[PDB]
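Asks: Chains as they are written, first to last, in the entry's author numbering: chain E, 5 to 267; chain B, 5 to 267; chain A, 3 to 259; chain D, 3 to 259; chain C, 4 to 97; chain F, 4 to 97.
Think of the CB as a built atom: it goes at the ideal place given N, C-alpha and C, for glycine as much as any other residue.
I'd like to ask some things about the structure below.
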Amino acid sequence: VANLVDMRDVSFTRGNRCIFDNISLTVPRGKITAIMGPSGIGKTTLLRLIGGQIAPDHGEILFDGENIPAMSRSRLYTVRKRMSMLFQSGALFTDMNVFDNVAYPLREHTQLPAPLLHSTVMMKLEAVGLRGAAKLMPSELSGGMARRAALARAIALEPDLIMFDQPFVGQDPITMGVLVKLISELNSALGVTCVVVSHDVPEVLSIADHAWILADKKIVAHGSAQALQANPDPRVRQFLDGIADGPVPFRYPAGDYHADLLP
Amino acid sequence: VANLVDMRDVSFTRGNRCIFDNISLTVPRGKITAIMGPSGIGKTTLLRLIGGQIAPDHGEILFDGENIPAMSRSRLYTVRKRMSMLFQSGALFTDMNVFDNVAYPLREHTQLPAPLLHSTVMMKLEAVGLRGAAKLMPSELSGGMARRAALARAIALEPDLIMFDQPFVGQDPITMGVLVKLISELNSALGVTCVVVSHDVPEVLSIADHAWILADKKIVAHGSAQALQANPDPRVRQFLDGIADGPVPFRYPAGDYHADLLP
Amino acid sequence: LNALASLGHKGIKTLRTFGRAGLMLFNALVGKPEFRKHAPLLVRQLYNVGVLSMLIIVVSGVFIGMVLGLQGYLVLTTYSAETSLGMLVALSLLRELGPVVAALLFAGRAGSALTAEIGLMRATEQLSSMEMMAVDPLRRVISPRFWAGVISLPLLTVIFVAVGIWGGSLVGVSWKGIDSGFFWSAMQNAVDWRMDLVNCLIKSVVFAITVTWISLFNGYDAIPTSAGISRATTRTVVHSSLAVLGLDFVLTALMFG
Amino acid sequence: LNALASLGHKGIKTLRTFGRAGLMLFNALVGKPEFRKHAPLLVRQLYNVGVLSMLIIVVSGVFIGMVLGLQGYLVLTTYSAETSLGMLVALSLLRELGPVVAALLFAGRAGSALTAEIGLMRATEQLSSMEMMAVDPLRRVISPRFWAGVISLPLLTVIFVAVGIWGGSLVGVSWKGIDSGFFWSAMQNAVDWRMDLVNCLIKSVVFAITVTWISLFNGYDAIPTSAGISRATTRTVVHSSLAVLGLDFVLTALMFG
Amino acid sequence: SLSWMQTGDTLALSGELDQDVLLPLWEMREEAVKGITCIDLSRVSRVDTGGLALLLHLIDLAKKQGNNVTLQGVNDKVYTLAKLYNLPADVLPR
Amino acid sequence: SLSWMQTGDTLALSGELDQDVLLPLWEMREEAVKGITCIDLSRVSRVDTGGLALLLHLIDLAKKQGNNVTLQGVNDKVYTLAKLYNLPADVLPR
Ligand SMILES: Nc1ncnc2c1ncn2[C@@H]1O[C@H](COP(=O)(O)OP(=O)(O)OP(=O)(O)O)[C@@H](O)[C@H]1O
Ligand SMILES: Nc1ncnc2c1ncn2[C@@H]1O[C@H](COP(=O)(O)OP(=O)(O)OP(=O)(O)O)[C@@H](O)[C@H]1O
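Listed below in structure tokens is the structure:
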């Protein structure tokens with residue numbers, strides 16, 4: 005089965021909020037899947053849950069037929085060589101230069117000859133268009149170049165699934181235009197699946213193939229690109245087209261205008 | 005003259021960078037002007053410079069015929085009753101509730117009767133659609149409701165110019181759809197000018213009337229809405245349409261592929 | 003020399019911060035001595051720096067008196083003088099450890115956490131928006147905090163010496179078998195008022211002027227990003243801790259010279 | 003009672019943090035005793051916590067010895083015994099103030115700034131990305147820091163007592179007119195090795211186990227936003243400062259009971 | 004200036020309406036209203052938010068002793084602020 | 004496995020090319036190249052980035068003692084990575 009990731013029926017709740025009731029999603033091979041919801045409820049939550057940081061309270065999660073929160077400590081360490089992530093701020097070790105950061109996990113997971121290791125990480129900086137920033141400390145990176153360097157750090161051990169923890173936020177359309185161009189090649193070339201999880205409708209629709217809109221705790225109205233462009237449901241019309249007031253309220257629940265301004 | 009704000013020829017440089025050489029902009033009355041850019045090269049810089057936080061090294065800035073970095077301490081305090089700002093994170097005093105925050109500068113700049121003051125700030129929370137969040141501390145505000153509360157705090161002393169220090173970043177299209185609806189009324193009603201300064205092309209063009217694209221230190225290619233939609237200059241085609249590589253480089257300046265990967 | 007020019011940048015840089023510390027504080031306490039606004043505004047600040055700092059002083063104050071009453075009990079018995087314990091821990095607390103240790107812990111709790119509230123208030127631009135409100139914050143947000151220190155720490159010392167000397171009266175008198183009427187008796191004619199009792203305040207009130215000023219200055223020129231602010235907090239604790247001992251050695255020279 | 007249920011949340015909550023402190027530290031020091039990687043990795047951490055903490059100890063160490071030599075000089079002259087100064091500041095430093103004050107300043111500089119580096123490293127998710135690198139950080143980033151403490155502070159105390167006792171030998175001998183050969187002479191037969199000299203280390207090495215553990219735990223469960231991390235720093239200084247005096251009163255009972 | 008007159012059954016108002024001129028007219032709240040039935044909006048040049056709220060208070064306590072006050076002469080700036088703060092019918096009818 | 008053969012003037016290669024099988028073939032870098040002129044790409048099933056770089060090193064030091072090495076038999080996965088890392092002509096010609 006080409007379905008790389010499949011969680012059956014996950015039931016979360018930290019303890020007071022009850023996020024994620026009856027969620028379900030399939031991620032097949034060769035795809036660029038896309039998850040989009042309100043804003044600030046799933047993003048770092050689901051991605052550490054799908055990675056094996058946070059254990060669920062219900063359901064089963066597949067990665068080519070293996071349950072994720074049932075493996076050993078050592079065995080789930082071994083499957084981490086397959087999948088990798090890319091955080092919203094970019095996770096770079098500050099007490100290094102940008103060469104050693106992108107060349108870090110090669111020294112932690114394989115044995116390589118020193119002139120060979122130096123060369124094969126140098127070309128991969130060209131693969132993100134960041135060869136010239138070769139020996140800079142991760143402070144003078146101006147944000148835009150910071151995400152691309154962690155992206156080259158992400159493709160290290162030939163990963164087959166790369167989680168994109170909101171690559172698109174707070175950036176310039178030239179910088180958003182760069183990141184859609186790079187992420188288009190990395191699924192076409194190398195056959196890498198990527199789970200982009202964000203909320204940026206006119207950019208994520210130019211690359212997705214099977215979106216999943218997580219409006220409420222449910223997974224309501226998921227589908228392909230042009231199918232969700234015509235679904236007249238009031239939730240998905242309000243979200244994708246940016247309607248000012250639909251089922252999501254404009255105002256807040258309050259009292260009447262008779263005792264609040266007339267004391 | 006209806007030109008509220010006009011800086012003649014401002015020459016900045018903190019000391020090592022030389023930002024803002026030969027900048028010039030006019031802001032007339034009744035307008036919704038809009039300033040763009042590349043990615044962090046003016047935003048908090050120009051707005052504190054236009055407010056009288058940072059003094060220039062050259063030029064003259066007008067607010068109905070008065071030079072801004074030449075007033076007294078007391079006189080420039082008095083003109084602060086006219087203009088106000090709205091920060092990118094939302095500036096709320098944390099050790100209060102949201103009622104006292106929006107009702108703050110009324111207690112600092114005018115004498116009002118206590119039941120009258122309580123009522124007139126209560127209705128203004130309805131003016132931003134935030135009456136129900138009446139006595140909350142500014143921690144449980146979920147970001148989206150945080151900017152709107154500072155916006156109601158912004159319209160306090162009947163301001164005639166409200167500086168918008170990037171209202172649109174990192175938010176949901178429903179939340180972006182709310183903020184374009186509110187800011188449309190506040191120029192139509194009340195005749196308030198507002199200087200929106202951001203980089204979000206498919207949202208700022210739906211409201212602007214005379215944009216000013218600050219690509220480099222110069223103010224190159226400024227104009228109206230549809231005029232800048234057809235200007236075929238390579239800078240403004242790359243920025244507004246999000247071209248991946250134009251005059252702005254794709255890669256970084258580096259050496260040849262002969263000694264970097266062949267040691 | 004090429005390396006002596008790197009010191010030439012510092013010798014100018016490190017003196018301009020002293021210029022900023024005077025210039026900020028001088029603007030903080032000049033003009034408009036208003037009392038209608040500040041009197042409820044200041045008393046909320048004493049809940050911040052006085053009440054929350056009260057518990058750590060007393061629970062540490064009983065441990066200093068119990069240690070000095072224990073350790074001092076061996077040194078008197080080898081010199082065979084029981085009655086000297088009352089004129090020892092009263093002596094040692096009221097002139098040496100009272101002003102020095104209480105100011106250390108005050109730099110610990112109230113010294114650091116005050117600097118955090120200042121730099122955070124510039125980090126979210128609550129400071130930079132208050133200038134758009136045309137209210138000068140240095141008389142508005144700094145001077146309620148600055149007077150909240152120098153009023154507090156003398157009242158933090160007199161609670162420290164008292165609960166310190168009470169715990170000293172436990173382990174010597176009750177547990178280590180000394181008559182109660184004999185212990186206070188040597189302490190009665192032990193210390194005078196003119197060069198001992200007010201002298202404890204003189205050492206303590208001059209510490210509060212430094213620690214409150216050195217704390218609230220580091221919040222005012224810290225780098226507003228999240229990295230520079232926690233750097234400034236651990237720069238505040240290390241700089242007050244030299245200034246309390248850099249002053250006390252001077253202030254013990256005048257009183258006992 | 004309605005208010006007694008608010009304590010029922012706390013009595014469970016405040017004990018689970020103790021469960022997290024043991025469970026984090028137990029995972030930090032078990033399995034793979036590798037030394038090829040850590041030996042250059044650890045020596046960079048001693049530049050962080052040992053070398054930068056060295057200057058504050060010695061410049062404060064001269065001020066304690068100069069004060070005790072000054073203040074002690076009045077108490078001996080009223081009892082007319084000059085020679086006792088050498089067996090006083092040697093006595094007082096090596097068993098009371100040596101372990102207690104040096105551990106306070108170590109909690110000041112190195113205690114706080116270590117906690118800042120931990121919580122910041124989770125705030126930018128350098129911790130949460132290292133799990134994607136499949137390297138367990140508790141043996142990788144915590145145990146280089148934890149051993150960097152307990153090795154350091156005994157070597158921070160022996161530098162403190164020595165430069166402390168040298169400054170005490172200045173103001174009494176040189177300035178306040180005492181023969182140099184007489185001062186060390188009373189100090190020679192003053193203190194033994196078995197219950198004094200190694201006893202200074204026993205008080206100091208058990209402080210380093212607590213302060214380093216209490217610092218690096220607060221970085222591991224702090225709220226990763228910029229507000230909660232500076233809250234955790236000023237929670238680290240106040241919690242170590244009780245634990246140094248909460249231990250010292252116990253550790254002065256066994257040695258001198 | 005916030006000069007104002009009566010007709011014996013109808014409150015008149017003149018001058019400008021600002022948030023700095025309205026405090027003496029707050030002091031008249033029971034001798035000001037005399038069973039009023041109409042409000043002129045004769046010589047207003049600018050209206051403010053609190054001056055609207057002062058206007059909103061005078062009509063409201065003109066209930067429960069007096070009439071249901073009619074409105075006239077509005078310069079169509081107040082109607083902009085009417086639907087802006089979405090004021091209901093029973094506090095401001097036209 | 005990374006079994007490999009020679010023809011006396013042309014280096015052959017067989018088995019799979021991974022980043023875990025390539026280190027003994029790095030140990031042969033001067034007895035491996037013998038004035039080579041061609042490289043077969045005969046039985047490769049997967050190519051990796053470092054195995055491409057090992058391939059890129061063997062052609063490169065086949066200069067300055069030997070020939071200009073011809074290329075053949077590529078399974079058209081390496082050509083995808085060729086323009087991906089935009090490799091120039093003088094290090095990889097076809
Ligand atoms: N144990 C916990 N750990 C982390 N967050 C928690 C926990 N319990 C409750 N929360 C709340 O849930 C939220 C989880 O973080 P969240 O997923 O929002 O991060 P994020 O990257 O901002 O995601 P998004 O961008 O979607 O908001 C936090 O804002 C926090 O207030
Ligand atoms: N004295 C100074 N004060 C503030 N920033 C300074 C100063 N000197 C140099 N800088 C640099 O210039 C920048 C000024 O802030 P900036 O205008 O970038 O904030 P911003 O809101 O991120 O704006 P933008 O979105 O354009 O980046 C800072 O990032 C800082 O690194």
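Anything in chain B within Cβ reach of A/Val-137, meaning under 8 Å, just list it in chain order.
Replies: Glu-112, listed in chain order.
Asks: Which runs of the alpha helix (DSSP H) at least 4 residues long sit entirely within the region 6-93 of chain C? Give them in chain order.
Replies: Counting whole runs of 4 or more residues, the region 6-93 of chain C contains the alpha helix (DSSP H) stretches 26-30, 52-63 and 81-87.
Asks: Please give me, in chain order, every unbroken run of the beta strand (DSSP E) with length at least 3 that falls completely inside the region 113-182 of chain B.
Replies: As far as the region 113-182 of chain B is concerned, its whole beta strand (DSSP E) runs of at least 3 residues are 165-169.
Asks: Give me the residue from B/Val-9, B/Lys-47 and B/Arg-12 with the minimum Cα distance to B/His-203.
Replies: Out of B/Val-9, B/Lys-47 and B/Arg-12, B/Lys-47 has the C-alpha closest to the C-alpha of B/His-203.
Asks: Which whole-angstrom value describes the C-beta separation of B/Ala-225 and B/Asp-237, a residue pair presumed to lie in contact below a C-beta threshold of 8 Å?
Replies: B/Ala-225 to B/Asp-237, Cβ: 6 Å. Contact.
Asks: Whose CA, out of E/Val-184, E/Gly-195 and E/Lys-222, lies closest to the CA of E/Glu-207?
Replies: The shortest Cα separation from E/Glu-207 among E/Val-184, E/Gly-195 and E/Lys-222 belongs to E/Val-184.
Asks: Measure how close the beta-carbons of D/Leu-247 and A/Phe-65 come, nearest whole angstrom, since I'm counting them as under 8 Å.
Replies: Confirmed, about 4 Å.
Asks: Do C/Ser-45 and C/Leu-25 count as a contact pair if the criterion is CB distance below 8 Å?
Replies: No, they are not a contact pair.
Asks: From A/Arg-46 to A/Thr-117, what distance separates their C-alpha atoms?
Replies: Between A/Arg-46 and A/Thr-117, the C-alpha separation is close to 17 Å.
Asks: Where do the ends of the beta strand (DSSP E) carrying E/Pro-109 lie?
Replies: Unbroken run through E/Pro-109: none, as it is neither H nor E.
Asks: What's the call for B/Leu-90, buried or exposed, on a 16-neighbour Cβ count within 10 Å?
Replies: The residue in question, B/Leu-90, is buried, as its Cβ has 16 or more Cβ neighbours within 10 Å.
Asks: Apply the 10 Å Cβ neighbour rule to B/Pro-163 and answer buried if 16 or more other Cβ atoms are within range, or exposed otherwise.
Replies: By the neighbour-count rule (16 or more Cβ atoms within 10 Å), B/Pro-163 is buried.
Asks: Taking A/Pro-156 as part of the alpha helix (DSSP H), name the residues at either end of that continuous run.
Replies: That run of the alpha helix (DSSP H) goes 154-171.
Asks: Considering Cα atoms alone, identify which of D/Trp-215, D/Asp-223, D/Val-239 and D/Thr-238 is closest to D/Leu-31.
Replies: For the residues D/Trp-215, D/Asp-223, D/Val-239 and D/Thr-238, the minimum Cα distance to D/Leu-31 belongs to D/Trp-215.
Asks: Whole angstroms is fine: what's the gap from E/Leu-120's alpha carbon to F/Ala-56's?
Replies: Approximately 7 Å between the Cα atoms of the pair.
Asks: Let me check you understand the geometry: is the CB of B/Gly-46 closer than 7 Å to at least one non-hydrogen atom of ligand 2?
Replies: Yes, since a heavy atom of ligand 2 falls inside the 7 Å radius drawn around the Cβ of B/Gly-46.
Asks: Can you pull out the residues from the region 191-206 of chain B whose beta carbon lies closer than 9 Å to at least one beta carbon of chain C?
Replies: Correct list: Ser-192, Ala-193 and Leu-194.
Asks: Is it true that the CB of E/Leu-116 sits closer than 8 Å to the CB of F/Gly-54?
Replies: No, they are not a contact pair.
Asks: Are the C-beta of E/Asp-260 and some C-beta of chain B separated by less than 8 Å?
Replies: Judged by the 8 Å Cβ criterion, E/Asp-260 is not in contact with chain B.
Asks: Using only alpha-carbon positions, find the residue among E/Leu-29, E/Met-127, E/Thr-82 and E/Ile-187 that is nearest to F/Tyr-88.
Replies: Checked all of E/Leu-29, E/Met-127, E/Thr-82 and E/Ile-187; the closest Cα to F/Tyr-88 is E/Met-127.
Asks: Give, in chain order, every unbroken run of the beta strand (DSSP E) that is at least 3 residues long and sits entirely within the region 211-258 of chain B.
Replies: Whole beta strand (DSSP E) segments, 3+ residues: 214-216.
Asks: Taking C/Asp-23 as the query, report the chain B residues whose CB atoms sit under 7 Å from its CB, ordered along the chain.
Replies: Chain B residues near C/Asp-23: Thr-114.
Asks: Out of D/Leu-70, D/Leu-106, D/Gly-183 and D/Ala-112, which has the shortest C-alpha to C-alpha gap to D/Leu-93?
Replies: Considering only alpha carbons, the answer is D/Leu-70.
Asks: Tell me whether F/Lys-67 is buried or exposed, calling it buried when 16 or more other Cβ atoms sit within 10 Å of its Cβ.
Replies: When all chains shown are included, F/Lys-67 counts as exposed.
Asks: How is the alpha helix (DSSP H) around D/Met-56 delimited, first residue to last?
Replies: From DSSP, the alpha helix (DSSP H) with D/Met-56 extends over 56-79.
Asks: I'd like the span of the alpha helix (DSSP H) that includes B/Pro-206, first residue to last.
Replies: Where B/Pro-206 is concerned, the enclosing alpha helix (DSSP H) stretches over 205-208.
Asks: Taking the CB atoms as reference points, tell me whether F/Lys-80 and F/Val-36 lie closer together than 8 Å.
Replies: It is not a contact, given that the beta carbons lie outside the stated cut-off.
Asks: Measuring only between beta-carbons, confirm whether D/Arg-141 sits less than 8 Å from chain A.
Replies: No - not a single Cβ of chain A is within 8 Å of the one on D/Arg-141.
Asks: Would you check whether ligand 1 has a heavy atom nearer than 7 Å to the C-beta of residue 274 of chain D?
Replies: Because chain D spans 3 through 259 in this model, residue 274 of chain D falls outside it and cannot be assessed.
Asks: By Cβ distance, which residues of its chain are closer than 6 Å to A/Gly-63, with the 5 residues on each side in sequence left out?
Replies: Excluding positions up to five away in sequence, the list reads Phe-162, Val-165 and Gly-166.
Asks: Just checking E/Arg-151 against ligand 1 - is the residue's beta carbon closer than 7 Å to any of the ligand's heavy atoms?
Replies: For ligand 1, not one heavy atom lies less than 7 Å from the Cβ of E/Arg-151.
Asks: Comparing the CB of A/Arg-124 with every heavy atom of ligand 2, is any distance shorter than 7 Å?
Replies: No, ligand 2 has no heavy atom inside 7 Å of this Cβ.
Asks: Give a yes or no on whether the minimum CB-CB distance between E/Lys-47 and chain D is below 8 Å.
Replies: It does not: the Cβ of E/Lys-47 has no partner Cβ on chain D nearer than 8 Å.
Asks: Taking 7 Å as the cut-off, is the CB of A/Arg-22 close to at least one heavy atom of ligand 4?
Replies: Ligands displayed in this structure: ligand 1 and ligand 2; ligand 4 is not among them.
Asks: CA-CA distance, A/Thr-235 and A/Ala-104?
Replies: Spanning the two alpha carbons is a distance of roughly 19 Å.
Asks: Give the C-beta separation of A/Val-102 and A/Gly-74 to the nearest angstrom, bearing in mind that I take them to be a contact with Cβ-Cβ under 8 Å.
Replies: That belief does not hold up - the Cβ atoms of A/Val-102 and A/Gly-74 are roughly 18 Å apart, past 8 Å.
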